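See structure below.
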Amino acid sequence: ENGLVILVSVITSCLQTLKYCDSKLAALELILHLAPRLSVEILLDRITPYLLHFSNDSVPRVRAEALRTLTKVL
Amino acid sequence: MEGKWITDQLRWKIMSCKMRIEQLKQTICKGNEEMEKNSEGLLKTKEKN
Amino acid sequence: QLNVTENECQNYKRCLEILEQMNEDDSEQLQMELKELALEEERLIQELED
Amino acid sequence: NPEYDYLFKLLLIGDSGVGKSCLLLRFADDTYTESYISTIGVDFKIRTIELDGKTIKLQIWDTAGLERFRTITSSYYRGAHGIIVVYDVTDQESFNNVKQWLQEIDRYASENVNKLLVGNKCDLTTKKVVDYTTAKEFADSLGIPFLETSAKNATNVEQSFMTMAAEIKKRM
Amino acid sequence: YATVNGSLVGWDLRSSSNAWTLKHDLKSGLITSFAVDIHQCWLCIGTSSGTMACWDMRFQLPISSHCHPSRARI
Amino acid sequence: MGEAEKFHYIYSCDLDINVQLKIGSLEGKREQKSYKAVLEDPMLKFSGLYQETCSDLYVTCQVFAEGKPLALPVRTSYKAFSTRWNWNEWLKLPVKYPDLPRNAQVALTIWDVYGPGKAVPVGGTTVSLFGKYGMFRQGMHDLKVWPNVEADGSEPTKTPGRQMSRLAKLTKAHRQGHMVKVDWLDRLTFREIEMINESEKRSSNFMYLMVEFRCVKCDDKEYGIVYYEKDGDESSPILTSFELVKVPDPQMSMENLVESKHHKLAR
Amino acid sequence: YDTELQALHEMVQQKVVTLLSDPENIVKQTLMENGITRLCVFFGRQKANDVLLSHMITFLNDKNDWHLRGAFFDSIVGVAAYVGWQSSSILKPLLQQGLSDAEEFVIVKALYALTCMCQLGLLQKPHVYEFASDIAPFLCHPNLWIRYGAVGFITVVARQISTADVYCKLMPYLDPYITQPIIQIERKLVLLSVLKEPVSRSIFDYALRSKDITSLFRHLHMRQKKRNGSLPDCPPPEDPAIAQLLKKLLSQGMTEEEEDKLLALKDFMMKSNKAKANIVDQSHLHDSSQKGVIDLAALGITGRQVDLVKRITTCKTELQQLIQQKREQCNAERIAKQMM
Ligand SMILES: Nc1nc2c(ncn2[C@@H]2O[C@H](COP(=O)(O)OP(=O)(O)OP(=O)(O)O)[C@@H](O)[C@H]2O)c(=O)[nH]1
Ligand SMILES: [Mg+2]
């Protein structure tokens with residue numbers, strides 16, 4: 001999990017430019033699976049900014065899942 | 001109530017038994033209908049065989 | 001409140017009257033009725049097992 | 001044609017277990033049986049009758065009443081000159097669904113198809129729940145003829161088809 | 001095509017699979033000949049004992065089996 | 001002679017209305033009345049199985065996707081049953097067509113009274129909401145009910161609702177008019193299907209819950225609901241050049257959200 | 001901490017009120033089944049009563065959605081327990097309203113809520129007996145959910161009260177609906193096995209469904225007086241509707257004992273009949289739903305069409321496969337129908 005923060009910025013660098021609902025949902029699944037394996041510093045400082053982003057997503061399913069993921073991560 | 005409670009436990013023990021007597025009776029009645037059905041099925045299947 | 005409490009006492013007193021006025025059922029008389037049915041149940045369970 | 005004057009296609013519709021099959025068998029074969037064999041798909045029997053001096057060949061069609069074998073679209077109403085909506089007089093739900101069955105008639109049958117509300121099982125007088133007045137008022141509001149028939153004891157089964165055949169003939 | 005062991009197989013040529021298979025009742029007889037409806041609605045199988053058995057090709061189930069009165073091969 | 005052959009459809013993501021499911025009838029017999037079990041459990045005599053031929057069953061419809069429920073279960077309104085289970089009730093589901101993913105199912109559980117404050121599942125059945133090529137299911141469907149279990153909403157469901165199986169479909173196609181009509185042949189063939197059906201009734205204790213899906217109509221047209229996502233036509237303008245920009249960066253000209261979170265918490 | 005804690009309480013408190021006033025009942029419903037009792041800690045024992053509980057109480061006014069009325073009773077026990085005894089006064093009339101609901105599944109939910117609130121000691125001592133008196137007639141209700149929900153309440157009440165109160169207060173209510181007065185009625189098995197037969201569903205429905213239900217019970221009450229000797233004789237019905245209804249009831253098997261149970265349920269059936277009649281007045285508007293047809297004219301959605309006679313997203317590819325299948329099916333039917 002020491003190298004995980006290197007993979008996290010691979011994922012989070014995609015999230016502001018995703019187009020399809022499936023890739024925004026898969027992006028959310030990844031965050032949820034990695035969340036227990038990252039430090040609270042990575043969760044709050046790095047991943048929360050990108051869950052509040054999907055909360056403002058155009059797709060209602062994406063917004064709905066962003067909150068559901070955020071709740072489980074926090 | 002102490003006197004009625006004792007007698008009322010029995011009144012339930014009796015009534016509860018009655019329900020098991022009824023059920024067990026009809027269970028035999030159903031258990032015996034499968035006798036005539038499956039024994040007759042046994043017969044017909046033995047002549048058929 | 002005094003009326004409610006007095007009514008409660010009247011109720012319990014009446015029920016005490018009913019419980020005392022009725023003859024306490026003979027446990028023996030009901031118990032034989034239970035024992036006769038216990039014999040029937042067991043005699044039957046044997047039949048069911050067969 | 002020397003074989004017959006008119007050929008009327010009659011259709012029997014209604015809920016499962018109302019006696020659509022038994023009415024058909026009581027009319028075409030003059031038989032009754034308690035053995036229920038849910039109709040699937042479509043069946044038909046042919047009986048030729050005498051009516052007003054004319055020879056009428058009736059092809060009476062029996063249909064599945066079970067929802068499991070029914071669909072929204074229904075091809076069977078096509079080409080039918082008359083439709084018998086059978087309900088079980090002992091079964092209120094069957095009578096209630098007559099409205100549903102009439103909507104299927106209205107949207108799938110001919111615009112001028114003839115209709116007939118039949119309350120079968122009138123021989124079950126102790127179990128009857130739908131009164132003759134309740135059904136007669138309902139049928140009269142819609143103008144469709146109404147009979148209470150019984151396939152079990154042949155009560156009024158012939159006249160229900162004779163009525164339909166006569167009404168269709170009056171229409172032709 | 002019909003086979004000696006009672007299977008009347010429908011082989012699709014533009015594929016390699018069967019469109020259908022009809023297991024003829026060899027109690028009836030050996031298939032000697034069969035005919036198919038020009039409307040492709042039903043078929044009739046003629047057997048060596050005179051049985052001619054009909055199949056509904058729309059539903060693929062047998063519907064009739066009339067036998068010759070002398071049980072003469074078809 | 002016939003209306004035209006045009007296929008009309010609406011995207012599921014464009015039909016912003018609640019899904020509605022009709023609960024029709026529950027055909028079939030229940031698990032008899034095993035009086036062996038009642039001697040072991042006396043509470044079992046006080047259950048719908050043993051109190052009426054048709055207990056007043058109810059159905060709960062819940063929509064699941066990816067093994068998770070999309071919203072709460074919806075229950076059929078009370079209907080007193082005497083000789084047949086026929087709810088005939090349209091249930092407005094808490095999910096809309098835009099809300100439904102491609103693997104959305106409806107898990108339908110038939111429930112019965114089991115003593116005070118306890119419902120037992122009579123059976124369960126699950127059917128996918130979209131078909132094999134992503135069209136919302138239409139019309140009347142008969143679903144296999146799995147005895148003594150709740151409908152499973154997991155992916156894949158262990159209680160799928162979808163000889164008589166094949167024939168019923170052909171029978172429905174015949175009744176709708178899709179199969180060619182041949183009177184002499186239909187008369188003979190359906191008697192055999194009836195024999196098959198009766199044999200299956202006696203052979204198995206199967207139950208079917210017939211359900212119906214609403215029809216989308218506009219100007220007497222029929223629209224199928226096909227699964228789509230908004231922007232599903234946005235074929236990405238992908239281009240294979242790497243003359244200067246060898247290493248594309250997706251976050252390239254994007255707000256730094258970790259700095260804005262910090263700005264919002266310090267300033 | 002006191003400021004941050006109160007700010008957090010106000011933030012959550014505003015979002016719960018926002019969700020309890022949602023335009024969709026499913027949102028209000030969803031909020032109740034997830035954690036409304038857990039959110040009571042943010043409101044506090046007093047605002048949970050003043051704000052949160054008052055909001056939930058309005059859910060019972062929704063007479064066109066029984067699911068919301070049922071969801072209120074599934075969650076009222078947690079809020080009532082949290083608010084404490086000050087909520088028993090406001091909820092007592094609402095719980096009685098829940099027992100005369102138009103949907104019998106809301107009665108079962110109200111019965112259950114009463115059961116749980118009795119288990120928790122939330123029902124005041126005198127109010128426990130008033131609910132027992134009103135719930136006793138359900139022991140003969142044709143609906144088994146209601147009948148067994150009533151058994152659930154009565155057994156719980158008997159456990160809460162002393163054995164003296166069981167014989168002296170609760171048993172008097174149960175004697176009409178019990179074949180044999182057993183003091184062990186705290187056990188579900190004991191009560192269930194001593195129940196009398198319920199009113200027949202058919203007979204119950206005939207009486208319940210009659211428009212003149214009030215005049216029916218008025219007459220049925222006089223038939224009982226002749227039975228009880230309180231009258232020398234009972235004249236036939238004075239109204240042709242009651243005459244027709246009474247002969248329908250007697251012919252359909254209405255026993256003298258079912259008349260007595262129907263008279264015990266009289267209060268429940270008149271209020272329940274009244275609730276159903278109120279909703280029916282509004283039901284005249286919402287009739288198109290029963291028909292299986294959706295009309296697009298209410299939204300004007302983009303309808304699309306293809307002729308079946310002539311990256312890529314997964315849904316786009318799958319549409320083309322569906323349209324291909326549609327073209328093939330119509331062609332197949334056309335050819336098949338052409339051969340015949
Ligand atoms: N007493 C009585 N019973 C009848 C009468 N007609 C039919 N039945 C019974 O009801 C059953 C159902 O009758 P069917 O004719 O098979 O009913 P159906 O309308 O054909 O039902 P489906 O074929 O499934 O649509 C029969 O098996 C009989 O036992 C009747 O006139 N009187
Ligand atoms: Mg039939």
Side-chain angles (χ1 to χ4, degrees), chain D residues 10-45 59-71 74 76-77 80 83-91 93-95 97-98 100-101 104 116-130 132 135 147-161, chain F residues 24-29 82-86 140 142 164 167-168 171-172 174-175 186-198 200-202 208 210:
Chain D
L10 313 191
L11 190 66
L12 287 148
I13 80 175
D15 294 8
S16 177
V18 301
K20 297 178 296 300
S21 316
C22 294
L23 288 161
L24 183 57
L25 273 296
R26 172 58 67 183
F27 187 69
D29 297 357
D30 205 22
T31 62
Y32 175 81
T33 186
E34 302 274 38
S35 296
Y36 177 55
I37 304 292
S38 305
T39 293
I40 305 181
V42 80
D43 195 3
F44 68 86
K45 276 151 181 90
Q59 189 183 35
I60 317 96
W61 293 73
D62 182 33
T63 57
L66 280 171
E67 191 180 2
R68 205 169 100 240
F69 310 114
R70 293 200 289 114
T71 55
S74 56
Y76 308 160
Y77 300 87
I83 314 194
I84 310 180
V85 195
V86 191
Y87 76 85
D88 175 21
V89 300
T90 77
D91 182 15
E93 293 79 9
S94 76
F95 181 80
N97 292 329
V98 174
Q100 166 252 304
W101 285 116
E104 302 202 6
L116 176 73
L117 185 60
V118 167
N120 189 52
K121 320 205 189 158
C122 83
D123 62 288
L124 301 177
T125 66
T126 186
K127 293 192 304 266
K128 190 169 187 177
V129 314
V130 189
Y132 173 90
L147 281 73
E148 285 195 333
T149 67
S150 179
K152 187 172 179 182
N153 54 31
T155 295
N156 205 3
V157 183
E158 292 283 325
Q159 174 75 348
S160 77
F161 292 92
Chain F
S25 61
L26 178 68
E27 186 183 0
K29 295 175 70 173
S82 58
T83 62
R84 69 178 286 210
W85 295 293
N86 183 53
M140 293 174 59
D142 45 325
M164 265 316 289
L167 298 175
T171 296
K172 282 183 145 87
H174 188 268
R175 189 174 193 279
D186 300 346
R187 173 153 78 163
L188 289 170
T189 297
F190 278 120
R191 309 293 74 74
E192 299 301 300
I193 304 182
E194 286 167 6
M195 296 304 100
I196 296 163
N197 183 50
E198 283 295 318
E200 279 205 23
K201 276 188 190 174
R202 291 175 286 104
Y208 310 85
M210 283 58 63

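Chain identifiers are assigned alphabetically (A, B, ...) following the order of the sequence lines, protein sequences preceding nucleic acid strands; residue numbering begins at 1 within each chain. Note: hydrogens, waters and symmetry copies are ignored here, and every other heavy atom, side chains too, is used. Ligands are counted one by one from 1 in listed order, and the atoms in each one are counted from 1 as well.
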Can you give me a line-by-line list of nitrogen or oxygen pairs between ligand 1 and the protein shorter than 3.5 Å?
residue, atom, partner, partner atom, Å
ligand 1, 1 (N), D:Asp123, OD2, 3.0
ligand 1, 3 (N), D:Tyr32, OH, 3.2
ligand 1, 6 (N), D:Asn120, ND2, 3.0
ligand 1, 8 (N), D:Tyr32, OH, 3.4
ligand 1, 15 (O), D:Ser21, N, 3.1
ligand 1, 15 (O), D:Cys22, N, 2.8
ligand 1, 17 (O), D:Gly19, N, 3.2
ligand 1, 19 (O), D:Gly19, N, 3.3
ligand 1, 19 (O), D:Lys20, N, 2.8
ligand 1, 19 (O), D:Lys20, NZ, 2.9
ligand 1, 20 (O), D:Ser21, N, 2.9
ligand 1, 20 (O), D:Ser21, OG, 2.3
ligand 1, 21 (O), D:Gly17, N, 3.0
ligand 1, 23 (O), D:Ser21, OG, 3.2
ligand 1, 23 (O), D:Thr39, N, 2.9
ligand 1, 23 (O), D:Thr39, OG1, 2.9
ligand 1, 24 (O), D:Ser16, OG, 3.0
ligand 1, 24 (O), D:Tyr36, OH, 2.6
ligand 1, 25 (O), D:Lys20, NZ, 2.8
ligand 1, 25 (O), D:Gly65, N, 3.1
ligand 1, 27 (O), D:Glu34, O, 3.1
ligand 1, 29 (O), D:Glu34, O, 3.3
ligand 1, 29 (O), D:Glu34, OE1, 2.9
ligand 1, 31 (O), D:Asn120, OD1, 3.2
ligand 1, 31 (O), D:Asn120, ND2, 3.2
ligand 1, 31 (O), D:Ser150, OG, 3.4
ligand 1, 31 (O), D:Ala151, N, 2.9
ligand 1, 31 (O), D:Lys152, N, 3.2
ligand 1, 32 (N), D:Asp123, OD1, 2.8

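For the pair D:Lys121 (side chain) and D:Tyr87 (backbone), a donor-acceptor distance under 3.5 Å is absent. With F:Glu194 contributing its side chain and D:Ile40 its backbone, the two residues share a donor-acceptor pair below 3.5 Å. Using a distance-only test at 3.5 Å, with no hydrogens or angles considered, a donor-acceptor pair links the side chain of D:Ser160 to the main chain of D:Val157.
The two residues D:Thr149 and D:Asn156 come nearest to each other via the heavy atoms CG2-O, 3.5 Å.
Counting heavy atoms from C-beta on, the side chains of D:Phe69 and F:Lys172 never come closer than 4.5 Å. D:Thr39 is not listed as a side-chain neighbour of D:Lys20, based on a closest heavy-atom distance of 4.5 Å or more. D:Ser16 has its side chain out of reach of F:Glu27: every pair of non-hydrogen atoms, C-beta onward, lies at least 4.5 Å apart.
Qualifying salt bridge (charged side-chain N to carboxylate O under 4.0 Å, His left out) partners for F:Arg187, counting only residues two or more places apart in sequence or in other chains: none. D:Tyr32 is linked by a ring-ring contact (aromatic ring centres under 6.0 Å, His included) to nothing, counting only residues two or more places apart in sequence or in another chain.
Excluding waters, the count of protein N/O/S atoms less than 2.8 Å from the Mg ion (ligand 2) comes to 3.
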